[PDB]
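Cβ atoms come from the backbone with ideal geometry, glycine included; neighbour counts cover every protein chain shown. The values are calculated or read from the model by the stated rules, or taken from the named source; no laboratory read-out is quoted.
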Amino acid sequence: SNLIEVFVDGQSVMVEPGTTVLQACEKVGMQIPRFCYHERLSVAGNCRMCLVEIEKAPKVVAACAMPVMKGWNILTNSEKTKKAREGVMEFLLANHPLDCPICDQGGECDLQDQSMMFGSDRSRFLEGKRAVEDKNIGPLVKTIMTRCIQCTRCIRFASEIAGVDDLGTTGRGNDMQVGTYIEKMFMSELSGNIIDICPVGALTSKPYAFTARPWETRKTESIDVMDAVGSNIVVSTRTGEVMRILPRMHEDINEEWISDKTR
Amino acid sequence: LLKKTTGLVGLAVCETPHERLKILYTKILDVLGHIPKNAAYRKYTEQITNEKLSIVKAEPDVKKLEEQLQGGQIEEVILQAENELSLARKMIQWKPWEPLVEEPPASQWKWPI
Amino acid sequence: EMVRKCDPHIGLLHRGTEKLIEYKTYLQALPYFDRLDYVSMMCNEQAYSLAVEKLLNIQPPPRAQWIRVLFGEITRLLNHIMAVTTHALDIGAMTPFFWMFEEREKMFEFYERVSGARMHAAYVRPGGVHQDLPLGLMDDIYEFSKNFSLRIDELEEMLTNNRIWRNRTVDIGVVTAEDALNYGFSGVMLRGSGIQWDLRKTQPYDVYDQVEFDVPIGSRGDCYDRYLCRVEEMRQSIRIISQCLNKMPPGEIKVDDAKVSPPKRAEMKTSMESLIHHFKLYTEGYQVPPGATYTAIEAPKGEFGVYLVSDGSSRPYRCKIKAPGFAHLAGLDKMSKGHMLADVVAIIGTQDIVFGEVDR
Amino acid sequence: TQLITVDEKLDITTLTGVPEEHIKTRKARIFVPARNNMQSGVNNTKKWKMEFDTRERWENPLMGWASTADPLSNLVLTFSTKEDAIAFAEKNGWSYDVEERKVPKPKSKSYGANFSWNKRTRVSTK
Amino acid sequence: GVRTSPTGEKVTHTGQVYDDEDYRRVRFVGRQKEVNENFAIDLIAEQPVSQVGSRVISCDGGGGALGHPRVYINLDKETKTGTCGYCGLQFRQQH
Amino acid sequence: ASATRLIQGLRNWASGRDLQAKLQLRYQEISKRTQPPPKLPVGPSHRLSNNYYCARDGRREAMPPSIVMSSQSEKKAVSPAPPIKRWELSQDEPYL
Amino acid sequence: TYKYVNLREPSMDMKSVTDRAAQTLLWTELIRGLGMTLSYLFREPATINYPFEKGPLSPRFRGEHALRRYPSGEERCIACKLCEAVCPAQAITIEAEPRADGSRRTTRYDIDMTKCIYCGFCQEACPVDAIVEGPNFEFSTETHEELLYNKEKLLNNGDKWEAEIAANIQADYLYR
Amino acid sequence: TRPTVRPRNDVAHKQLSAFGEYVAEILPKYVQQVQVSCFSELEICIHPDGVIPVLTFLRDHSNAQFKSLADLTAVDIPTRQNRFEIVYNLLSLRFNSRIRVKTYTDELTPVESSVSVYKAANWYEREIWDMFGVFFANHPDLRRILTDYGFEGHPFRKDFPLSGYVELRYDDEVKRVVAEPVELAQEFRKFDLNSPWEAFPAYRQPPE
Amino acid sequence: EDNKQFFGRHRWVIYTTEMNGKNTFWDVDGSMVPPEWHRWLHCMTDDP
Amino acid sequence: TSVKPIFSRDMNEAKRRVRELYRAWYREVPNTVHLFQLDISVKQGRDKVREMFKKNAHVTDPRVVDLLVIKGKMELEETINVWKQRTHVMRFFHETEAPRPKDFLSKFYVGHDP
Ligand code: SF4
Ligand code: SF4
Ligand code: SF4
Ligand code: SF4
Ligand code: FES
Ligand SMILES: [K+]
Ligand SMILES: [Zn+2]
């Protein structure tokens, strides 16, 4: 075989050539924080949350896109890696709105969780925030674009898995706005998985909207019956009542998606 | 000086502390000579008992003996000497210098699980 | 007349506290400690706070530590008023109960001014205290402590020199020091038998190495020397409270790690990181690193310890609560031998037993 | 001697004080819990779980609360390996089914694949 | 504005009212059904829409730290007023 | 405080103390029920610079317990700590 | 750093022996105790005239729960379920849905006051000051289910006690 | 790391490490692990055949003198075949230190009672019996201490539910407080609070 | 008010004889105090 | 597979202990009906003791039946000494409980439980 030897925090691990730094750290059991990266989409590299230090290299590398080189010692808990994560989380939470109580994603938010795990605990942003016009992309996906962190998982999903090519970023700079540019209704058969792979509350479920909250829900692992695919699902219930239906990851049926009928 | 009370309730004043400590330390050494010499308990207890016995033999005064034995009142030093003697008589019967009786299971002391 | 065997049956107030702790977060587990020794509320708060802060590898700010020692000695005055007055009330002296509970009413007013509840404050928290002292409170603590010595004096006038009180307590409940150490006794149950031990001196916590107080040591190990130790501990608690009022530093009252202690409500409504931290602390809670501690303090009944086990999550894995009254009520069977049934109530008096902390 | 040889199956059902109803009619479920697809974190998919089949939750006539009669509804146990959970379930007489750990397969990620010459994996925007 | 069912029972601001055949009205027999008569949906609709000369307005509800977390509202839709998600106060850009 | 001097002197005689200097009833010496509004200070981490959380992270400097001995000369015997120093009798009021 | 309670040796001279014998026979400390009790007979008692006189309370007091409103009529609760997440007794039950104008509001807001431990974690967890714990402590009922408050009862407590809860929060909020 | 980080005590850490080596080499027959935490507490993880030798050593030896049994505890960890973890918290007043002695058993193997060493243990291991089901051999009066008299099961086991299996009420027919199977008018709402992101990299376990 | 009385006695209410229909001549009640006087009477404030 | 015993080396010593415990309960039941002044007969309490013994009669592990004899001696000690009340003695007789549906059809009629 052709497995090259890389080091993650000093520990040796053998990886295939073409393996990214994030997957090399995954093979030793360490999950690098990420917002734009998703292992079933393509690689964007445009949130800079996976910025990890390679030692003897005076610049942090984006671990989601950088292929490993032979002999790299990946420093996942070093000083400049933690400073990179805290600074990038500071810029992510600079213009982000204080909607955590009135947001459906609270308690199931990646931005909250790895702000708690990897960010700082207080703000230096002494300015006014942006506010983005909310879009109407259908009766299923509630859209509050002020909460968007522009990770472009919308666009990669609709371009690569949904196969729609109707989501995208309009504008430039801090005024860059993910949308359709027109009052267009994003109705694919898989239009509800952008609710899943939105890491923030910019895309929530409109039927599930405001009704529950993820920590009080009891997770039942069940099967779809709406088609003969047999999509493995999570039926989350709260006090004996079905709140929503989330997918289960199964590599041979429904990779981590479900259809809009199932959802 | 005939210390009137020990301060500790139920702890009587020992009238002859030096002779009592000498008898107890030589008795600890006489019991402790029944333990194999490779045992760490025998070596450490012979060491501390010879240190305390050298202090007791090299000090005529009682109160200075209390301040340099560093164990409080002299009667609780005598109490600890009796406790060490009874301990050595138990440690002969237990034989704890032997190798480990059983290895634990592989995740027995692993925390968190 | 004699007592041959005394078998206390307990568990009549067993509520399963330290199983309910296992299904609740650390902030949610804090108000269970107010209800264990319900005359020693902020002392048990401080013990659980110190256990969680030892596991979190953080420390309170200095002003929060001085507030913890101030209200711990106010709590010590509360508990020793309860102990002395109910121990005199069960024997038959019913009047200094009513005399000292007005001062105890004023200390519950101190708790209500500092927290909003008179008994179960939920105030001393891991990371500091919940809320700063309101303005004008320390002046009223001074006005309390300036007069409370005369209250202890007239209590001691009623009971200590009294021949009827000395007949009920002097030959009664004598404990040897070796059996006091061997039975897990702590606090006044050791200090009455002449054992020079106090956990505020030997294993000092928050700022007790910076205060100056004496430790009363009994000489006969009976009910009467433990009464005198509790009276003199009220005296020394007045001494510590005067030193805490004089040496109170300025500053913050929570730890400034907002991943542990929640941010201020002015900046929760302004900052984004502070709103996320307020959210995740009051829903999930702070994660505690794995590992177990045994953190014990000098409660007014003795050694109150918490054996707290974390598994890395935001909820405790096991939270064992060591209480003094459990070992003291275990030693009740030895301590009442050779005495009469009327001496048994005095021995249950001198071992200050609150059955919440005995039973959990 | 001082050790006895018990060649029987380890069964402690008569010691735990659980009634016969909640031993012989409950289906324990030994499983690694699925990742919440709301999030990308995988720390909740590390350890094995043992939960039981959900029994009836009904409406309280007074307040509309969810009443229950199942004691074992909130009983979620945590295990390190599958065999420890299976040994614990066989020890207590619980009928169980075991799901396997579903790990994600390794993916082939290439940032240069987004800008290919003759392949369909070109992005239309970035 | 509280209304009344055909059974005579008042409807709350949720919309909850018991049926005629629902037996659980016997808890109000000889007693009363405590409803609140200040409906928040009828009272936030009484507030006027604030005409502001900015593109993005901020709202804390008033009182500073006595209100809600300060959020920033976009006002680029000229069809729809920009409603605050906490307090319900809504804003229109005057141009 | 409204007691007349005859009852006041009788009460001070029967107690043996001066009870008017230390009244257990509270009067206008106490603080106001309405106070001016405070201005509470902030902690040391309220800084706009040199304030990265990784340099003040308490929970992440907790290590797993160091395994001293595990089952996979003439050295001095040790104690868990040096022996306790004997307490000094009180210079303030020893009761001696 | 320690003192000996009860380590006094009594003087065995004839003066102190006669003192102790006069104390035994003529009952000196018993008259001392009677004198201290007679001294309290002539004090003004600490008794307040309840119900007409009330005990002192601070503006931090934790009594009856209430749901507050903004100064426009709009209720403050936006259904975020922090107060039942932090509730150490799980006394709070909340269901929610978007109401007719799309606002995130509650339909159920129950507080079992017989589960409630009155510790005020709900009022300190509430980001919008909706749930508070007011000054009212005189709300004893005659029936158990009268202490099981729904949203209408708590909104009526808020509308009842708003003129006081607002001033308590005004007096105290800078400590929070 | 000055204001908000707990100050580390390396002197006590070194002293407890040296005394852990001391105890581990005096008693190699029973000592299995010795570990000192980062907040400077000493653990002696032993074999359950050496409850009485190790505790009697720590009680009587002149370099230990752990005269006070502070707390005695069991910890239920069901993923172990020896699921219980009997914890002995000890205090030395002479050397002003605390040691922790930890052992293990399952439901059926008895632990030797340490009432011959510490008479404080008489109620603590009786409580361990009442709460966990750990039997203690050669105990003077081993029975329940905290639960009800006709109670079935051991409550602090983690396979035991939060509410019991039975609950009480007065029944006016039989004129007697009766035990009936438990029905909660409101179910205890289990909250899933654990975050899916790793909090502490120092405690990261190596994977399979 | 009588501020010469001690703290607790210095504020009181003489209740009405009729409130909301009920004859409260003898049936005085602690919850008859409206919320604007409940701060002043319980000494939550110095200001009526 | 070599485990440490509790009191019994094999199953026959365990049967000896079960047998002596049954003897002790059989001797105790008339005194229990007398001094707790129960409304049951002596025969009914003895049949309940026989029922509670035959409930656990399928155990072939010596340690489990050792712990069963230990817990039975604890219940007997709580019964001889008046530590239980009349309620704790009568909790063996589930009198205020309705009889559960036994066949499939009545369990189908009343609810969802198997
Ligand atoms: S997306 Fe996340 S961080 Fe943003 S408001 Fe919602 S819960 Fe808060
Ligand atoms: S709406 Fe969500 S998924 Fe889409 S780009 Fe923004 S953060 Fe990413
Ligand atoms: S005061 Fe405490 S117990 Fe009561 S509802 Fe609020 S959080 Fe729950
Ligand atoms: S915390 Fe406040 S806003 Fe959130 S659900 Fe509770 S009362 Fe409503
Ligand atoms: S995860 Fe690599 S940059 Fe977004
Ligand atoms: K989302
Ligand atoms: Zn607003």
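Got a sec? Which of C:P216, C:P250 is more than 26 Å from C:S149 (Cβ to Cβ) and within 11 Å of chain F (Cβ to nearest Cβ)?
Details: C:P216 fails: more than 26 Å from C:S149 (Cβ to Cβ).
Unique residue meeting the criteria: C:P250.
Within segment H:36-61, can you find the residues that are more than 8 Å from chain B (Cβ to nearest Cβ) and part of a strand (DSSP E or B)?
If the condition is that a residue be more than 8 Å from chain B (Cβ to nearest Cβ) and part of a strand (DSSP E or B), then H:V36, H:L42, H:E43, H:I44, H:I46 are the ones that fit.
Confirm whether A:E39 is within 21 Å of the chain's Cα centre (by Cα), of a type in the set (D, E) and within 16 Å of ligand 2 (Cβ to nearest atom).
Considered against the rule, which asks whether it is within 21 Å of the chain's Cα centre (by Cα), of a type in the set (D, E) and within 16 Å of ligand 2 (Cβ to nearest atom), A:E39 comes out as yes.
Being more than 24 Å from C:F326 (Cα to Cα), more than 14 Å from chain F (Cβ to nearest Cβ) and within 13 Å of the chain's Cα centre (by Cα) narrows it down to one of H:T105, H:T79, so name that one.
Of the residues listed, the single one that is more than 24 Å from C:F326 (Cα to Cα), more than 14 Å from chain F (Cβ to nearest Cβ) and within 13 Å of the chain's Cα centre (by Cα) is H:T105.
As an exercise: evaluate H:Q32 against (1) in contact with a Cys (Cβ under 7 Å, 6 or more places away or on another chain); (2) assigned to a loop (DSSP other than H, G, I, E, B) and give the number of the one condition it does not meet.
Of the numbered conditions (1) in contact with a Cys (Cβ under 7 Å, 6 or more places away or on another chain); (2) assigned to a loop (DSSP other than H, G, I, E, B), the odd one out for H:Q32 is (2).
Filter segment A:162-215 for residues that are assigned to a helix (DSSP H, G or I) and within 16 Å of ligand 1 (Cβ to nearest atom) and give the result.
Selection gives A:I194, A:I195, A:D196, A:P214, A:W215.
Contact list please: Cβ distance under 6 Å, first residue in segment A:174-201 and within 16 Å of ligand 5 (Cβ to nearest atom), second residue in a strand (DSSP E or B), pairs at least six apart or on different chains.
A:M176/A:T169; A:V178/A:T169
Is it true that B:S107 is loosely packed, with under 14 Cβ neighbours inside 10 Å and of a type in the set (S, T, N, Q)?
Spelling it out, it is not the case that B:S107 is loosely packed, with under 14 Cβ neighbours inside 10 Å and of a type in the set (S, T, N, Q).
Wholly within segment J:1-97, which helices (runs of 4 or more DSSP H) include no fewer than the required count, namely at least 2 residues that are within 11 Å of chain H (Cβ to nearest Cβ) and closer than 20 Å to H:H139 by Cβ? Spell out the reasoning first.
Values: elements: J:11-35, J:42-55, J:62-80, J:86-90.
Per the criteria, J:62-80.
Six or more apart or on different chains, Cβ under 8 Å: which pairs go from a residue in segment A:67-95 that's under 20 Å from A:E55 (Cβ atoms) and at the interface with chain F (Cβ under 10 Å from one of its Cβ atoms) to one that's assigned to a loop (DSSP other than H, G, I, E, B) and of a type in the set (D, E)? Could you list them?
Between residues of segment A:67-95 that are under 20 Å from A:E55 (Cβ atoms) and at the interface with chain F (Cβ under 10 Å from one of its Cβ atoms) and residues that are assigned to a loop (DSSP other than H, G, I, E, B) and of a type in the set (D, E), the close pairs are A:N77/A:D9; A:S78/A:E55.
Using the structure shown, decide if C:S115 is surrounded by 23 or more Cβ atoms within 10 Å (Cβ to Cβ) and over 18 Å from C:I297 (Cβ atoms).
Spelling it out, C:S115 is indeed surrounded by 23 or more Cβ atoms within 10 Å (Cβ to Cβ) and over 18 Å from C:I297 (Cβ atoms).
Give me a count of the residues in segment H:82-102 that are in a loop (DSSP other than H, G, I, E, B) and either within 14 Å of chain F (Cβ to nearest Cβ) or not charged (D, E, K, R) (or both). Outline the logic, then answer.
From segment H:82-102, those in a loop (DSSP other than H, G, I, E, B) are H:82-83, H:93-96; that's our starting set.
From what is left, the residues that are either within 14 Å of chain F (Cβ to nearest Cβ) or not charged (D, E, K, R) (or both) are H:82, H:93-96.
Summing the residues that are in a loop (DSSP other than H, G, I, E, B) and either within 14 Å of chain F (Cβ to nearest Cβ) or not charged (D, E, K, R) (or both) in segment H:82-102 gives 5.
If I ask for residues that are polar (S, T, N, Q) and more than 9 Å from chain C (Cβ to nearest Cβ), which ones from segment F:38-90 would you list?
The answer is F:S49, F:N50, F:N51, F:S66, F:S70, F:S71, F:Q72, F:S73, F:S79.
Being part of a loop (DSSP other than H, G, I, E, B), within 16 Å of ligand 6 (Cβ to nearest atom) and either within 7 Å of chain C (Cβ to nearest Cβ) or touching an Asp or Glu at 6+ places or on another chain (Cβ under 6 Å) (or both) is the filter here, so list the residues in segment A:103-125 that pass it.
A:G106, A:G107, listed by residue number.
Can you find, within segment G:93-117, the residue that is farthest from ligand 3 (Cβ to nearest atom) among those that are buried (at least 22 other Cβ atoms within 10 Å of the Cβ) and of a type in the set (A, V, I, L, M)?
G:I94
How many residues are under 24 Å from I:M32 (Cβ atoms), facing another protein chain (nearest Cβ under 8 Å) and not hydrophobic (A, V, I, L, M, F, W, C) when one looks only at segment G:24-69?
Result for segment G:24-69: 10.
Out of G:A163, G:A167, which single residue is under 19 Å from E:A65 (Cβ atoms) and either within 9 Å of another protein chain (Cβ to nearest Cβ) or in a loop (DSSP other than H, G, I, E, B) (or both)?
G:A167
Criterion first (in contact with a helix residue (DSSP H, G or I) (Cβ under 6 Å, 6 or more places away or on another chain) and either in the same structural domain as A:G107 (by CATH) or more than 16 Å from ligand 5 (Cβ to nearest atom) (or both)) does A:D165 satisfy it? Give the derivation first.
Numbers: in contact with a helix residue (DSSP H, G or I) (Cβ under 6 Å, 6 or more places away or on another chain): yes; either in the same structural domain as A:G107 (by CATH) or more than 16 Å from ligand 5 (Cβ to nearest atom) (or both): yes.
Here the answer is yes, as A:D165 does meet what is asked.
Please work out which residue is nearest to G:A167 (Cα to Cα), limiting yourself to segment G:57-74 and to residues that are in a loop (DSSP other than H, G, I, E, B) and among the small types (G, A, S).
In this case the residue turns out to be G:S58.
From the residues in segment E:57-94 that are within 11 Å of chain A (Cβ to nearest Cβ) and polar (S, T, N, Q), which one is nearest to ligand 6 (Cβ to nearest atom)?
Selected residue: E:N74.
A quick yes/no check of all residues on (1) within 16 Å of ligand 6 (Cβ to nearest atom); (2) within 14 Å of chain G (Cβ to nearest Cβ); (3) over 16 Å from the mean Cα position of the chain (by Cα):
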position	(1), (2), (3)
A:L22	no, no, no
A:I54	no, no, yes
A:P97	yes, yes, yes
A:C100	yes, yes, yes
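Within segment H:145-163, count every residue that is within 12 Å of chain D (Cβ to nearest Cβ) and out of contact with any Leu (no Cβ under 9 Å at 6 or more places or on another chain).
5
Return the residue satisfying two criteria in turn: it lies in segment A:135-147 and is of a type outside the set (S, T, Y) and not in a loop (DSSP other than H, G, I, E, B), and of such residues it is farthest from ligand 7 (Cβ to nearest atom).
A:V141
List the number of the failed condition for A:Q150; all other conditions in (1) within 16 Å of ligand 1 (Cβ to nearest atom); (2) more than 25 Å from G:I78 (Cα to Cα); (3) outside any loop (DSSP other than H, G, I, E, B) hold.
Exception for A:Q150: condition (3).
Mind checking which pairs have a first residue in segment D:67-81 that is over 13 Å from D:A28 (Cα atoms) and a second that is surrounded by fewer than 21 Cβ atoms within 10 Å (Cβ to Cβ) and of a type in the set (A, V, I, L, M, F, W, C), Cβ under 7 Å, 6 or more apart or different chains?
D:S67/D:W58; D:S67/H:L184; D:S67/H:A185; D:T68/H:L184; D:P71/H:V182; D:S80/B:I113
Looking only at segment A:10-21, decide whether some residue is away from ligand 4 (no atom under 16 Å from the Cβ), within 21 Å of A:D113 (Cβ to Cβ) and not in a loop (DSSP other than H, G, I, E, B).
no
For segment G:68-86, which residues satisfy the criterion of being out of contact with any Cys (no Cβ under 6 Å at 6 or more places or on another chain), of a type outside the set (D, E, K, R) and within 12 Å of ligand 3 (Cβ to nearest atom)?
Matches in segment G:68-86: G:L82, G:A85, G:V86.
Would you be able to tell me the number of residues in segment C:305-334 that are more than 7 Å from chain H (Cβ to nearest Cβ) and under 13 Å from C:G184 (Cβ atoms)?
Number of matching residues: 8.
If I ask for residues that are surrounded by fewer than 20 Cβ atoms within 10 Å (Cβ to Cβ) and either among the basic types (K, R) or facing chain F (nearest Cβ under 7 Å) (or both), which ones from segment H:18-34 would you list?
Passing the criteria: H:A18, H:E21, H:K29.
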